[PDB]
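Read through the structure below, which is laid out as structure tokens, and then see the notes.
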RNA sequence: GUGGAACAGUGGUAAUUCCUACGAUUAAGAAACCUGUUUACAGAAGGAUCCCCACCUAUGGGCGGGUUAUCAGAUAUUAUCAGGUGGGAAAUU
RNA sequence: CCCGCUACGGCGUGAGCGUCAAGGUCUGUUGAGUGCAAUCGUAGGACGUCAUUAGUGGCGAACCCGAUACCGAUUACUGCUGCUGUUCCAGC
């Protein structure tokens, strides 16, 4: 041991840091790994060891040299013709859909014969050879048609001859096989939509598509399942008198604004199903709705598919003057989300004419921001088929590197209503979308045109006003869900969709990922976060209860959590009752509303409430709880489909003044939607109980909110937590997931408005499933 | 953040004057404590019970944190607390607690007697109990005298600095510490470094392994070193201030 | 299939036992006074022969039999006096308590051993050691600039 | 607040008292970073508290950029400064002043400096003593591009 | 009068997004230290000179506290710039009984001064 | 033909039992390990009330200059922290 | 390729764009993501099974364990459930 100088010390330690870094890099280089493992974990290909074409071209030479260093069937007389029948059917189907003509209905139904299909495809070619008339002759080479049903619902689409009996029970997305190669889909409704990506993308979609600032990417959702109807007034060519009335009948006076007539912005809100038979009006909460208008009179309304069938049935009930237009297989939108989604979307499309909407969209595409733009951003134009490009390329002008809010206000002042609404009129009418397919080419044809440009003359195919299929294209902003949705015809979507993620910073969304996006932005979701409505309550309660009951009876005894014997749940443990509040599974709003009306009957009976000891005399809590258990035991035998139990309050508080016989459950209870954030340690889960702060213990929770902990220096909650009573419950968290954008726990709950006006402070405690701890938090109101 | 509360002051009697080498040795060993990493420092001083206590107010403490260590407190980034261990054997020339508790902060005791343990658990409102891990066990530890005293609030202290003294003393050290662990029911165990030289200081990772292999679990050891140490610090601080 | 063996980082610190020599009170100055240098006769085999003798005289034979199953010094350099000892996850307690009771080398006395980092992988221990040495360079640069 | 330190040296200041800390910034911090003796600069000092009127302080800054003599060839520098939660108000009285100057086809050359006080406080725990580091914004604005002050530690804007 | 606000323009490229932190008022101190330290660890992979720290309004002071930490204790060269920020706000102008959010929304600009703070490696 | 006991074969399904707390840093990523508390704003952007002096009018008041007090949702806290960590088979290819 | 100087191809900035090349890098990494390969230790409470002398004690395993992710099939073991086959024992 001997003292050294300062400079020699810092030089020796810096040389040691450099030596350790060089040794770590040398160990990482001497670790025997392939160049196949040199790819990122998103791009790793298992079949790249078989064929080299998955590997990047810079790396394929090393892959070839290391792969070199490392190193017509028996068919009977019947199944041969059975195999040749399919090959002949595919060949005749390709020639029939390619040459001139459309599809017969007998081949579409595919429930009679295959020899009749062969004879029909043989007969159509001969009829085209012998004569020009009597032919349903198409307008293009690729087999595209017009699946538009005027005044009736759209039937099962024709699709392809080979993949026809695969569409017998459920229909497909236009990107069905493409999404099927890259995602997990579930079969729930009549379509088959994506559920989750194959590679893990929880935190990935959370960071790139989320509300986080570090969102250097783009996320695309196939939202073709969202069904739209187009309504137009046939009675008068003048101003729309019945349109405002039918909007005020379908929705409330919440979405019938004069502002939405003037500024024509799409609005998403809550629709409720009306029913007027004779002098009586019954209103039930129906679900979400998207309303959009064209300057005064024509309207597109798009929403959830079962709700779409119900709204179409109610609209077909009263169809006296106005003409309805069902669009299930002729128009669909896809949803882009993120910071660079606008840049990739402007990269995917090009211009065919110098217009104002191109200039507005190209300036919007460069700012890389969403919420700084105003509420109305609905752009529409005519563009080229994106099969002309087939390459990831972006187009950006000089623009002198300047972005200010003054140019945004200048685009807000000047809005090209005429051309955008003309594109709207083109997409609503069935004749213009049919005229759009007048020059649709095959991939062989666009490859031949690219070869002609490579021979004559750059990576492009030029536009011709005579023989190129100019499409209508509409890109609009959706406000509360913070995402850009772009709508297009059915057979046009896939040439737009395939070129999207070939931009190297664009990934796809699943339905669980869309639920995560709606969970992150403090928003709401219809199959899960809407329990108040009829269909949401039915689907959520039935499916989650049956799934959880099958899982509970599926697990053996003594390995799962046992819900029957849990000690110390509430203070003063009530007799004939040892379990948790309601059923242990999915949210029992029936239990909550019967207990709320029981506490209301106790408050109407006396100024205070007693604790404990054909309908027996209600004087305390357990008489209400035994009636709850008896009603649950009765409804386990026969399912309930009579009425709802919990509506919302946010439409009732403003106007109806939330006003509420031997009755225990006839008049339902109204709720407001809240989002509570955890201030204490812990995270929430699904189906979580939501309780009041005690008034005797309010100062203790205020001291815990300010601060109290052991003198070590770190936070303490290992203390005697005072247990409140059973009837202090006010709500249910349906969606419980650890909120990564805040660093805490988020729970979407639904609390009573009378209970909300009881406490002067927003401090509300949460309790998980099968866990006997209480965690305080603070809620903010969800105005959705 | 860690608390080390058993560093001795190189003086035993008030008649002996501390030389200049002992002050420098204490500065070196406390800087060695800050070198390996500790937040709180509570230096200890030994007072015999047979010694006659002085009738003074500002002269009870020959430690002087303000004039000597007040510079190192500002430069290094730590603090010093004062504490007294009471070598009590027989009930004679004593029973005075109202004056020594106000000047100093933490009041500890060293019983080596059978009746001394009883008079320590009965009529001494002290913070920590210390046993002589260097010498032999006094009589025998039982659950009856320990459990009645730990539940009151007094903690039992283990000196891991006395183990690095001799070779023969290590056996009696282990035989005392394992007896304290089996009698303590693994609750009231505060550990401290009794180093007189800077060559005998260790870090948290070795001391945690030592107390883990001697018989205390990893939860109770680290939970003690944080919570019970910083709790008895505010016990002394509230006996001072309030 | 693999083996779950833990690595332990240790550093040799020399306490400045100088009773007649005065001392300077600072952070990076006492880091300079403790992180001085390793002596001349210090190698891998010398530290292994010393720690096996300490394991014998302190912990015994059968405890030394359990400890010496995978008792190896994987990386050590005398210029920085930091070393990495491989061990089992069960006897890691025994290895750290053997590192604590290291009193002196047979050639040079007056030294303490600081076990700093324990992990089941050596690559994260190297990443922690680079960051800890970077913080040491930060403290040195702060006291050197002012 | 137990004590206020600047550059690890004990000082007698109070954070709730604005006048004493502004005079300490004027008398001690700015001569420790800039020396007006060895050059030909005319430095006009101004501090901003959170109770100051914005329009009146900008109008005071409208007279300090043209206060010294133009015939002597002296470059005129305005040293505006604040500390802590007053700095934001300073920023308004900064940038609106820039809004009052760039419309006349002229330019402000700007130098920024960020230093700090270190204050000690007792915590919610008694043995835990907390340290808070209060930021100081010092901005030197001028119409000249090159100033002979020792401004190597600043930030050109 | 009911009025609501929107966030600010963030014109960023591929390389500017991974090296820029935007400090909120609810942003903790040690959280900001950890995030800017992770940005200093990843800026060699991003391959740029500085890490940007931007704040406006109430966060500005504690944003400057970030520049008070890494300049002295870690010897980092920082640059301090004062910028203007335009914010669009939706306000209601009075001109039945409708819901409070369903009224006439008019955009009004509002300027806030803010601080950019660049930290070198 | 029935009931009980034992064995064998196949089909379906499940596996850290679950919860709670703790495990050194102004050197602020050391319980073994990872991620997060980053779409910056207190309608404090010519902010509000108030002190003194001078001016004009009078039944109210306004302007200019100077220092500077109070206020920004629970009169508070700028420097803490949260969550997770193996499976039907991850072995076999 | 646009701006300024200079004018035969030139020079300086934009934290601008397009093409090409490089065993320079890929924690660009996944509600686990290591890469000489982490997935921990302990205490208390709830539940299940088995054995008790006073009432408690032991056990919650077997097989096995990522390295890009997905799904089908096969193999190793425990428990539950339905079917089938064999043996033994009776109600008349």
Next on the checklist: Let me confirm something: among E:59, E:52, E:32, which residue is more than 9 Å from RNA strand F (Cβ to nearest atom) and surrounded by 19 or more Cβ atoms within 10 Å (Cβ to Cβ)?
Outcome noted: E:52
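I'd like to know if region A:243-256 contains one or more residues that are surrounded by fewer than 16 Cβ atoms within 10 Å (Cβ to Cβ) and assigned to a loop (DSSP other than H, G, I, E, B). Give the derivation first.
Taking region A:243-256 as the starting set, the residues that turn out to be surrounded by fewer than 16 Cβ atoms within 10 Å (Cβ to Cβ) are A:244-245, A:248-249, A:253.
Next, only the ones that are assigned to a loop (DSSP other than H, G, I, E, B) stay: A:253.
Yes, region A:243-256 has at least one match.
Can you go through A:129, A:32, A:27 and tell me which one is within 12 Å of RNA strand G (Cβ to nearest atom) and in a helix (DSSP H, G or I)? Reasoning before the result, please.
On the way: A:129 fails: within 12 Å of RNA strand G (Cβ to nearest atom); A:32 fails: in a helix (DSSP H, G or I).
Just a single option satisfies the conditions, and that option is A:27.
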Checklist entry - Counting just the residues of region D:65-93 that are under 17 Å from residue E:64 (Cβ atoms), in contact with a strand residue (DSSP E or B) (Cβ under 6 Å, 6 or more places away or on another chain) and not in a strand (DSSP E or B), which one comes out nearest to the other protein chains (Cβ to nearest Cβ)? => result D:91
Checklist entry - So, in region E:62-78, of the ones that are farther than 24 Å from residue E:26 by Cα and within 16 Å of RNA strand G (Cβ to nearest atom), which residue ends up surrounded by the fewest Cβ atoms within 10 Å (Cβ to Cβ)? => result E:77
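Would you confirm, using the coordinates I've provided, whether residue E:13 is out of contact with any helix residue (DSSP H, G or I) (no Cβ under 8 Å at 6 or more places or on another chain), away from chain D (no Cβ under 14 Å) and within 6 Å of RNA strand F (Cβ to nearest atom)?
Working: out of contact with any helix residue (DSSP H, G or I) (no Cβ under 8 Å at 6 or more places or on another chain): yes; away from chain D (no Cβ under 14 Å): yes; within 6 Å of RNA strand F (Cβ to nearest atom): no.
For residue E:13, the condition - out of contact with any helix residue (DSSP H, G or I) (no Cβ under 8 Å at 6 or more places or on another chain), away from chain D (no Cβ under 14 Å) and within 6 Å of RNA strand F (Cβ to nearest atom) - is not met.
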Checklist entry - Does residue D:106 count as more than 9 Å from chain E (Cβ to nearest Cβ) and farther than 30 Å from residue B:73 by Cα? => result yes
Checklist entry - Of all the residues that make up region A:497-508, how many are buried (at least 21 other Cβ atoms within 10 Å of the Cβ) and closer than 30 Å to residue A:430 by Cβ? => result 3
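Just give me the residues in region D:116-133 being within 10 Å of chain E (Cβ to nearest Cβ) and surrounded by fewer than 21 Cβ atoms within 10 Å (Cβ to Cβ), in sequence order. Walk me through it before giving the result.
Within region D:116-133, the first condition is being within 10 Å of chain E (Cβ to nearest Cβ), and the residues that meet it are D:116-118, D:132-133.
D:118, D:132, D:133, listed by residue number.
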Next on the checklist: Among the residues of region D:37-58, what is the count of those that are within 14 Å of RNA strand F (Cβ to nearest atom), closer than 23 Å to residue D:23 by Cβ and away from chain E (no Cβ under 14 Å)?
Outcome noted: 9
Checklist entry - Looking at (1) within 16 Å of RNA strand F (Cβ to nearest atom); (2) under 30 Å from residue A:444 (Cα atoms), which is the only condition residue A:104 fails? => result (1)
Checklist outcome for this item: Restricted to region A:194-222 and to residues being buried (at least 19 other Cβ atoms within 10 Å of the Cβ) and in a loop (DSSP other than H, G, I, E, B), the residue nearest to RNA strand F (Cβ to nearest atom) is A:215
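Residues that are more than 16 Å from RNA strand F (Cβ to nearest atom), outside any loop (DSSP other than H, G, I, E, B), away from chain E (no Cβ under 14 Å) and more than 22 Å from residue A:143 (Cβ to Cβ): does region A:488-507 have at least one?
Restricting attention to region A:488-507, the residues satisfying the condition of being more than 16 Å from RNA strand F (Cβ to nearest atom) are A:488-504.
Now restrict to residues that are outside any loop (DSSP other than H, G, I, E, B): A:488, A:493-497.
Filter once more, so that each one left must be away from chain E (no Cβ under 14 Å): A:488, A:493-497.
Going one step further and asking which of them are more than 22 Å from residue A:143 (Cβ to Cβ), we end up with none.
There is no residue in region A:488-507 that is more than 16 Å from RNA strand F (Cβ to nearest atom), outside any loop (DSSP other than H, G, I, E, B), away from chain E (no Cβ under 14 Å) and more than 22 Å from residue A:143 (Cβ to Cβ).
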Next on the checklist: Residues that are in contact with a helix residue (DSSP H, G or I) (Cβ under 9 Å, 6 or more places away or on another chain), within 26 Å of residue A:8 (Cβ to Cβ) and away from RNA strand F (no atom under 11 Å from the Cβ): does region C:55-63 have at least one?
Outcome noted: no
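Only one residue in B:57, B:18 is outside any strand (DSSP E or B) and either within 14 Å of chain C (Cβ to nearest Cβ) or buried (at least 19 other Cβ atoms within 10 Å of the Cβ) (or both), so which one is that?
Working: B:57 fails: either within 14 Å of chain C (Cβ to nearest Cβ) or buried (at least 19 other Cβ atoms within 10 Å of the Cβ) (or both).
The match here is B:18.
Taking into account only those residues within region A:40-84 that are farther than 30 Å from residue A:182 by Cα and within 16 Å of RNA strand F (Cβ to nearest atom), which is farthest from the other protein chains (Cβ to nearest Cβ)? Steps first, answer last, please.
Pass one, region A:40-84, residues farther than 30 Å from residue A:182 by Cα: A:65, A:68-82, A:84.
Those still in the list that are within 16 Å of RNA strand F (Cβ to nearest atom) too: A:70-71.
Values: A:70: 23, A:71: 26 Å.
This residue is A:71.
Name the helices (runs of 4 or more DSSP H) wholly inside region B:123-242 in which the number of residues that are within 9 Å of another protein chain (Cβ to nearest Cβ), within 16 Å of RNA strand G (Cβ to nearest atom) and touching a helix residue (DSSP H, G or I) at 6+ places or on another chain (Cβ under 9 Å) is 2 or more. Step through it out loud before you land on a result.
On the way: elements: B:143-150, B:169-184, B:204-214, B:218-223, B:229-241.
Per the criteria, B:204-214.
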Next on the checklist: Here is a check on your reading of the model: is residue C:119 within 16 Å of RNA strand G (Cβ to nearest atom) and within 14 Å of chain B (Cβ to nearest Cβ)?
Outcome noted: yes
Item to check | Residues satisfying the stated conditions in region A:44-57, i.e. more than 7 Å from RNA strand G (Cβ to nearest atom) and in a loop (DSSP other than H, G, I, E, B) | outcome: A:49, A:50, A:51, A:55, A:56
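Can you tell me which residue within region A:464-479, out of those that are in a loop (DSSP other than H, G, I, E, B) and in contact with a strand residue (DSSP E or B) (Cβ under 9 Å, 6 or more places away or on another chain), is surrounded by the most Cβ atoms within 10 Å (Cβ to Cβ)? Steps first, answer last, please.
Taking region A:464-479 as the starting set, the residues that turn out to be in a loop (DSSP other than H, G, I, E, B) are A:464-470, A:479.
Those left that are additionally in contact with a strand residue (DSSP E or B) (Cβ under 9 Å, 6 or more places away or on another chain): A:470, A:479.
Details: A:470: 19, A:479: 14.
In this case the residue turns out to be A:470.
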Checklist entry - Does region A:403-421 contain any residue that is within 16 Å of RNA strand G (Cβ to nearest atom), under 23 Å from residue A:374 (Cβ atoms), over 30 Å from the mean Cα position of the chain (by Cα) and part of a loop (DSSP other than H, G, I, E, B)? => result yes
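Can residue D:149 be described as buried (at least 16 other Cβ atoms within 10 Å of the Cβ), within 19 Å of the chain's Cα centre (by Cα) and away from chain E (no Cβ under 13 Å)?
Details: buried (at least 16 other Cβ atoms within 10 Å of the Cβ): yes; within 19 Å of the chain's Cα centre (by Cα): yes; away from chain E (no Cβ under 13 Å): yes.
Taking the combined requirement at face value, the residue satisfies it.
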Checklist outcome for this item: Sole miss for residue A:467 among (1) away from chain E (no Cβ under 14 Å); (2) away from RNA strand G (no atom under 16 Å from the Cβ); (3) under 31 Å from the mean Cα position of the chain (by Cα) is condition (3)
Item to check | Set A:391, A:448: member being in a loop (DSSP other than H, G, I, E, B) and either surrounded by fewer than 14 Cβ atoms within 10 Å (Cβ to Cβ) or within 16 Å of RNA strand G (Cβ to nearest atom) (or both) | outcome: A:391
Next on the checklist: Being surrounded by 13 or more Cβ atoms within 10 Å (Cβ to Cβ) and within 24 Å of the chain's Cα centre (by Cα) is the filter here; which residues of region A:158-169 pass it?
Outcome noted: A:167
Checklist outcome for this item: Per the list (1) surrounded by fewer than 17 Cβ atoms within 10 Å (Cβ to Cβ); (2) within 15 Å of RNA strand G (Cβ to nearest atom); (3) within 39 Å of the chain's Cα centre (by Cα); (4) away from every other protein chain (no Cβ under 14 Å), residue check on residue A:737 breaks on (1)
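Within the bounds of region D:5-20, is there any residue that is within 14 Å of chain E (Cβ to nearest Cβ), over 15 Å from the mean Cα position of the chain (by Cα) and part of a helix (DSSP H, G or I)? Break it down into steps so the answer makes sense when it comes.
Taking region D:5-20 and keeping what is within 14 Å of chain E (Cβ to nearest Cβ), we get D:5-8, D:15.
Retained after the next criterion (residues that are over 15 Å from the mean Cα position of the chain (by Cα)): D:5-8, D:15.
Next, from what is left, pick out any that are part of a helix (DSSP H, G or I): none.
No, there is no match, as no residue in region D:5-20 is within 14 Å of chain E (Cβ to nearest Cβ), over 15 Å from the mean Cα position of the chain (by Cα) and part of a helix (DSSP H, G or I).
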Checklist entry - Which condition number does residue C:131 fail, the rest of (1) closer than 26 Å to residue B:35 by Cα; (2) away from chain B (no Cβ under 13 Å); (3) touching a helix residue (DSSP H, G or I) at 6+ places or on another chain (Cβ under 8 Å) being met? => result (3)
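Readers should treat all values here as calculations from the given coordinates under stated rules, not as data from a laboratory. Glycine also receives a Cβ, built like all others from the backbone with ideal geometry; neighbour counts cover every protein chain displayed.
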